[PDB]
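Chains as they are written, first to last, in the authors' numbering: chain F, 58 to 207; chain W, 1 to 112; chain U, 2 to 117; chain V, 1 to 101; chain N, 1 to 140; chain 5, 2 to 60.
The structure appears right after this line, and notes come after that.
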RNA sequence: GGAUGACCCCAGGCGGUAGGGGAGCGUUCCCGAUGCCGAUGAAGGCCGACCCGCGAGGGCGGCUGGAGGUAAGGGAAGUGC
RNA sequence: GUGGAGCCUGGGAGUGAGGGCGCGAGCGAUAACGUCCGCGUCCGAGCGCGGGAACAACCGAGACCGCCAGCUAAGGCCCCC
RNA sequence: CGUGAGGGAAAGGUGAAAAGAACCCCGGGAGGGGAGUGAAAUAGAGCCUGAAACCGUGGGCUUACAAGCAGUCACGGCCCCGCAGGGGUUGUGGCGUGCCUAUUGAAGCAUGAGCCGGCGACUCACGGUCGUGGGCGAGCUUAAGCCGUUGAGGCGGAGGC
Ligand SMILES: [Mg+2]
Ligand SMILES: [Mg+2]
Ligand SMILES: [Mg+2]
Ligand SMILES: [Mg+2]
Ligand SMILES: [Mg+2]
Ligand SMILES: [Mg+2]
Ligand SMILES: [Mg+2]
Ligand SMILES: [Mg+2]
Ligand SMILES: [Mg+2]
Ligand SMILES: [Mg+2]
Ligand SMILES: [Mg+2]
Ligand SMILES: [Mg+2]
Ligand SMILES: [Mg+2]
Ligand SMILES: [Mg+2]
Ligand SMILES: [Mg+2]
Ligand SMILES: [Mg+2]
Ligand SMILES: [Mg+2]
Ligand SMILES: [Mg+2]
Ligand SMILES: [Mg+2]
Ligand SMILES: [Mg+2]
Ligand SMILES: [Mg+2]
Ligand SMILES: [Mg+2]
Ligand SMILES: [Mg+2]
Ligand SMILES: [Mg+2]
Ligand SMILES: [Mg+2]
Ligand SMILES: [Mg+2]
Ligand SMILES: [Mg+2]
Ligand SMILES: [Mg+2]
Ligand SMILES: [Mg+2]
Ligand SMILES: [Mg+2]
Ligand SMILES: [Mg+2]
Ligand SMILES: [Mg+2]
Ligand SMILES: [Mg+2]
Ligand SMILES: [Mg+2]
Ligand SMILES: [Mg+2]
Ligand SMILES: [Mg+2]
Ligand SMILES: [Mg+2]
Ligand SMILES: [Mg+2]
Ligand SMILES: [Mg+2]
Ligand SMILES: [Mg+2]
Ligand SMILES: [Mg+2]
Ligand SMILES: [Mg+2]
Ligand SMILES: [Mg+2]
Ligand SMILES: [Mg+2]
Ligand SMILES: [Mg+2]
Ligand SMILES: [Mg+2]
Ligand SMILES: [Mg+2]
Ligand SMILES: [Mg+2]
Ligand SMILES: [Mg+2]
Ligand SMILES: [Mg+2]
Ligand SMILES: [Mg+2]
Ligand SMILES: [Mg+2]
Ligand SMILES: [Mg+2]
Ligand SMILES: [Mg+2]
Ligand SMILES: [Mg+2]
Ligand SMILES: [Mg+2]
Ligand SMILES: [Mg+2]
Ligand SMILES: [Mg+2]
Ligand SMILES: [Mg+2]
Ligand SMILES: [Mg+2]
Ligand SMILES: [Mg+2]
Ligand SMILES: [Mg+2]
Ligand SMILES: [Mg+2]
Ligand SMILES: [Mg+2]
Ligand SMILES: [Mg+2]
Ligand SMILES: [Mg+2]
Ligand SMILES: [Mg+2]
Ligand SMILES: [Mg+2]
Ligand SMILES: [Mg+2]
Ligand SMILES: [Mg+2]
Ligand SMILES: [Mg+2]
Ligand SMILES: [Mg+2]
Ligand SMILES: [Mg+2]
Ligand SMILES: [Mg+2]
Ligand SMILES: [Mg+2]
Ligand SMILES: [Mg+2]
Ligand SMILES: [Mg+2]
Ligand SMILES: [Mg+2]
Ligand SMILES: [Mg+2]
Ligand SMILES: [Mg+2]
Ligand SMILES: [Mg+2]
Ligand SMILES: [Mg+2]
Ligand SMILES: [Mg+2]
Ligand SMILES: [Mg+2]
Ligand SMILES: [Mg+2]
Ligand SMILES: [Mg+2]
Ligand SMILES: [Mg+2]
Ligand SMILES: [Mg+2]
Ligand SMILES: [Mg+2]
Ligand SMILES: [Mg+2]
Ligand SMILES: [Mg+2]
Ligand SMILES: [Mg+2]
Ligand SMILES: [Mg+2]
Ligand SMILES: [Mg+2]
Ligand SMILES: [Mg+2]
Ligand SMILES: [Mg+2]
Ligand SMILES: [Mg+2]
Ligand SMILES: [Mg+2]
Ligand SMILES: [Mg+2]
Ligand SMILES: [Mg+2]
Ligand SMILES: [Mg+2]
Ligand SMILES: [Mg+2]
Ligand SMILES: [Mg+2]
Ligand SMILES: [Mg+2]
Ligand SMILES: [Mg+2]
Ligand SMILES: [Zn+2]
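Here it is as structure tokens:
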């Protein structure tokens, strides 16, 4: 916001040479190599993202902590239902769950829980897989995921 | 016991007024009374106030009797300073600091 | 994000200054005057350890000599006796002996006297 | 009754009952060693030429440790050059049991 | 095992006659009795030598044309203030000086080598008023 | 003249070593022989008013 | 040696400015975190002759402070006077 | 002749003011702490260390750390020492 | 501040709550001492924390025949902590030419720095050329955009080597 103006004459003042108070070496003035707004995004090869999604699940299975399910019994979009379904399912949420299905009903009861990360199936991603402890996928979720690695 | 009075933010220079205090730091109450009365400094008045007043407190607020009193310690720390602008030739302004003092007189009783 | 100075500086300064208590004037009070005095101290140390070896030697040898005087020979022969004979007592020790074991020293003088 | 022993290029005089920590010796704590004699004195008086050939002194390794940090530091001027090195010398504190001889 | 440093000692007085004695060669000796370098428990940092008493200093001998051809010197700080006394004139006015000087310049400098020169009590003339210390006559 | 000026800042040592004399020195008082108050001698007593033992200053 | 830098034995090299290569310490921020420490005291400040590290440092203890701080492992820089 | 030798290909440099000394020459005056080449060396960068009274380059000698141990180098061994 | 166009500052925080200190005593007052509130008043309004330079009071060592880049090494004294160990200070001795910069060369009588604190200088984007960790391989790869999610990724073969 400052004026482009030399603040006292070059020689003979007795003080050190200065330009204007816009300069970084003055309190006030612009900072040197400042952060300027930018774009950290990049285009990771398509194959590498696939093998990512392959490997991630592939690891979770290989550990036993995967689980494909056909449909969700007593659960029509109402937490305590799911909550109790999950009980009969083999997860009491002492481990975190990544949970995938296109079914707003299911993943809605299944939202709000600490140990649950909700997902739709076209939105399967490798951070989220590794992020969690236990993957409980689902069958069309499974075919979208299978339609992927091809 | 020990009795204390303290005058702070007093518009005299520390360095000038320490010299009244070093003339008491030690003396009886009565000696400090008669010194700060014929001492020819400005500091005389200022310090003879604190003193006089700590010897209240000792009596009134602290159950002490005068003629056991003596100036046990008495120091002067330096208060923040009124900065002022005094103009010189060719337009320079220099800065006067009209300095400032925190006087302290601390009393005790002397058994003897 | 701004990684501002904040605390680092105060902490090395507080450091070097504490390394420098005891010093005269601002050599103990100013950071950069302490820092500067401490560069000094450093090499005066490293030198003076290497110095103190040779320093003591000189001390001992001067005593040793003073002893061999008392029995009629110089340091520089007494240490050729001791040599060519076979005695390998170093002079921290000779200096020790000669001070607090006069007779025990006298022996060696003699065997040196001899070994010539 | 005393001796003078070479142990790690360095000769100490040693009466029995002395604490004398010296240049770190390879000896699990508790064991005991023998140090050559170079001279014995008081009571008797032998003289090693260079060794006494005969006797020796026996002592117990009270244990090891590291010496109070010397702070070695070089500085060269007008050349932008410093160096801090920390130093703790390994030592082996002993207990002079008795002399032989 | 740590070096032996002496505890407090005793002031051992010592008496020397100069006469027929080559000034320099004498002072060598005076200085090292003075310091103490002749006794095993010597220590550079402490006053522990002897208490040299020299007498008959006036009958010291010097070689060569030196009685004249060698000169003492004394700046005074003023201009032209360099005094110059020659050996002969020195011996003839204060001979006790000639030897003192001879020694002081073989003692170290600083508060010790000064504190040492304090001890060398010199006289031209045979008798010396230091009887109450019984100076142990020495052969130089 | 060419404006002479201090060449180095004076240390606290010298600074205070100079003031080694600024030592203030207490007044000198004596007993009025009449009011027995302390006062400086040869003055007329400020407290009773007497001097050479007569009324002088109507306090 | 042994067995895939675990650690031991041996021999050797190790002054260094311009400058090149390496391995590390710390500051701010992010994932780790719906977590974990914390008024039985966070960060900050003031001591320490103790502990670890060659070192930059990091621990530990006491006083102060009075509501924050944030690990293993990684990431990003307005990163050290 | 296995050496912080060499050769090959790439990455990053800095340097392109040098100074003293010995020797061989030009210039100058069979002057210069002078100038300019050549061959060496040392300082530069070894203003670290012993000698030379002191003192970049002269002699001794190439400082990883510690030692209240030993032999030596130059140079010293009458006191300072 | 400048006639003017114009330049252009500094300066945030008590506490949970004002419960913001009645009344008393020295004081002309300022201020302080009791008392009273508060968890806390060295949170008392000049108010969180409260560094450093800088000024002072009190205490331990030391200092008036001594020569100094202020240190270092060694020994001794006195003082404290302790029970063959430490810490503090400094009497004597030995050694010893500040930092930075610029230079063939500086303690240098060559530069800069009163001191403290706090700001203060190798970056970002696109493009090259090497190296490097990974993916695919006679192949590799998407751009803008379309769809999806609002901290979910997919699509798109135009085009590029
Ligand atoms: Mg503008
Ligand atoms: Mg503007
Ligand atoms: Mg502008
Ligand atoms: Mg303009
Ligand atoms: Mg100017
Ligand atoms: Mg100026
Ligand atoms: Mg410009
Ligand atoms: Mg500003
Ligand atoms: Mg700004
Ligand atoms: Mg990038
Ligand atoms: Mg949730
Ligand atoms: Mg949520
Ligand atoms: Mg979770
Ligand atoms: Mg009263
Ligand atoms: Mg005017
Ligand atoms: Mg001013
Ligand atoms: Mg921030
Ligand atoms: Mg910064
Ligand atoms: Mg301090
Ligand atoms: Mg000191
Ligand atoms: Mg040395
Ligand atoms: Mg040697
Ligand atoms: Mg030998
Ligand atoms: Mg050892
Ligand atoms: Mg050191
Ligand atoms: Mg230098
Ligand atoms: Mg240089
Ligand atoms: Mg440097
Ligand atoms: Mg190192
Ligand atoms: Mg003659
Ligand atoms: Mg005029
Ligand atoms: Mg002072
Ligand atoms: Mg090695
Ligand atoms: Mg080497
Ligand atoms: Mg190197
Ligand atoms: Mg922070
Ligand atoms: Mg979180
Ligand atoms: Mg949190
Ligand atoms: Mg808890
Ligand atoms: Mg509480
Ligand atoms: Mg606490
Ligand atoms: Mg704290
Ligand atoms: Mg909070
Ligand atoms: Mg954290
Ligand atoms: Mg990290
Ligand atoms: Mg910056
Ligand atoms: Mg090489
Ligand atoms: Mg090479
Ligand atoms: Mg080559
Ligand atoms: Mg590079
Ligand atoms: Mg050229
Ligand atoms: Mg040229
Ligand atoms: Mg040339
Ligand atoms: Mg050359
Ligand atoms: Mg050359
Ligand atoms: Mg030339
Ligand atoms: Mg020439
Ligand atoms: Mg020539
Ligand atoms: Mg160098
Ligand atoms: Mg070289
Ligand atoms: Mg040299
Ligand atoms: Mg020099
Ligand atoms: Mg030299
Ligand atoms: Mg020399
Ligand atoms: Mg030898
Ligand atoms: Mg020789
Ligand atoms: Mg105006
Ligand atoms: Mg106006
Ligand atoms: Mg409010
Ligand atoms: Mg009025
Ligand atoms: Mg009031
Ligand atoms: Mg009061
Ligand atoms: Mg009040
Ligand atoms: Mg507080
Ligand atoms: Mg507070
Ligand atoms: Mg304030
Ligand atoms: Mg607060
Ligand atoms: Mg405050
Ligand atoms: Mg304050
Ligand atoms: Mg004091
Ligand atoms: Mg004294
Ligand atoms: Mg004198
Ligand atoms: Mg004295
Ligand atoms: Mg001198
Ligand atoms: Mg000491
Ligand atoms: Mg000294
Ligand atoms: Mg020495
Ligand atoms: Mg000096
Ligand atoms: Mg420097
Ligand atoms: Mg520096
Ligand atoms: Mg220049
Ligand atoms: Mg020049
Ligand atoms: Mg120049
Ligand atoms: Mg250069
Ligand atoms: Mg100067
Ligand atoms: Mg210049
Ligand atoms: Mg200068
Ligand atoms: Mg500069
Ligand atoms: Mg100024
Ligand atoms: Mg700063
Ligand atoms: Mg770069
Ligand atoms: Mg940018
Ligand atoms: Mg690149
Ligand atoms: Mg193939
Ligand atoms: Mg493709
Ligand atoms: Zn009267």
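Cβ atoms here follow ideal geometry from the backbone N, Cα and C, with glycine treated the same way.
Residue i versus residue j: straight-line alpha-carbon distance, rounded
| i | j | result |
| --- | --- | --- |
| residue 49 (chain U) | residue 64 (chain V) | 27 Å |
| residue 13 (chain N) | residue 50 (chain N) | 6 Å |
| residue 206 (chain F) | residue 153 (chain F) | 25 Å |
| residue 77 (chain V) | residue 55 (chain U) | 26 Å |
| residue 54 (chain N) | residue 102 (chain U) | 33 Å |
| residue 108 (chain N) | residue 72 (chain N) | 20 Å |
| residue 39 (chain U) | residue 36 (chain N) | 37 Å |
| residue 77 (chain U) | residue 89 (chain U) | 15 Å |
| residue 59 (chain 5) | residue 43 (chain W) | 29 Å |
| residue 31 (chain W) | residue 106 (chain W) | 15 Å |
| residue 115 (chain N) | residue 13 (chain 5) | 33 Å |
Contacting residues, own chain, Cβ-Cβ under 7 Å from residue i (five flanking each side not counted)
| i | result |
| --- | --- |
| residue 158 (chain F) | 164, 178, 195, 198 |
| residue 106 (chain V) | No answer is possible for residue 106 (chain V): it lies beyond the span of chain V, which begins at 1 and ends at 101. |
| residue 117 (chain F) | 123, 186, 192 |
Same chain, Cβ closer than 6 Å to residue i, neighbours up to 5 away in sequence not counted
| i | result |
| --- | --- |
| residue 6 (chain W) | 104 |
| residue 190 (chain F) | 152, 153 |
| residue 29 (chain N) | 140 |
Close-in-space but distant-in-sequence residues of the same chain around residue i (CB under 8 Å, 5 per side omitted)
| i | result |
| --- | --- |
| residue 6 (chain N) | 41, 43, 46, 48 |
| residue 13 (chain V) | 2, 3, 4 |
For residue j and residue i, believed in contact at Cβ under 8 Å, the rounded distance
| i | j | result |
| --- | --- | --- |
| residue 48 (chain W) | residue 36 (chain W) | 4 Å |
| residue 15 (chain N) | residue 137 (chain N) | 5 Å |
| residue 25 (chain V) | residue 61 (chain V) | 7 Å |
| residue 57 (chain W) | residue 3 (chain W) | 5 Å |
Residue-level contact to chain N via CB, residue i, 9 Å cutoff
| i | result |
| --- | --- |
| residue 97 (chain U) | yes |
Contact with chain U by residue i, beta-carbon distance below 9 Å
| i | result |
| --- | --- |
| residue 13 (chain V) | yes |
| residue 4 (chain V) | yes |
Contact with chain 5 by residue i, beta-carbon distance below 9 Å
| i | result |
| --- | --- |
| residue 22 (chain W) | yes |
Minimum Cβ-Cβ distance from residue i to chain V less than 9 Å
| i | result |
| --- | --- |
| residue 80 (chain U) | no |
Quiz item: Can you list, in chain order, the residues of the region 60–85 of chain W whose Cβ is nearer than 8 Å to any Cβ on chain 5?
Solution: Along the region 60–85 of chain W, there is no position whose C-beta sits under 8 Å from a C-beta of chain 5.
Quiz item: Got a sec: which bits of the region 44–67 of chain U sit with their beta carbon under 9 Å from any beta carbon on chain V, in order along the chain?
Solution: When CB distances to chain V are screened at a threshold of 9 Å, the residues of the region 44–67 of chain U falling below it are 44, 46, 47, 50, in chain order.
Self-check item: Contacting positions in the region 62–88 of chain V - beta carbon closer than 7 Å to chain U
Solution: Listed by position, the residues of the region 62–88 of chain V near chain U (Cβ gap below 7 Å) are 72, 73, 74, 75.
Self-check item: Members of the region 37–66 of chain V that neighbour chain U once the beta carbon cut-off is set at 9 Å
Solution: Cβ contacts with chain U come from 38, 39, 41, 42, 45, 47, 48, 49, 50, 51.
Practice problem: Name, going along the chain, the residues of the region 21–36 of chain 5 whose beta-carbon falls closer than 9 Å to a beta-carbon of chain W. | Solution: Within the region 21–36 of chain 5, contact with chain W at the beta-carbon level (separation under 9 Å) is assigned to 23, 24, 25, 26, 27, 28, 29, 30.
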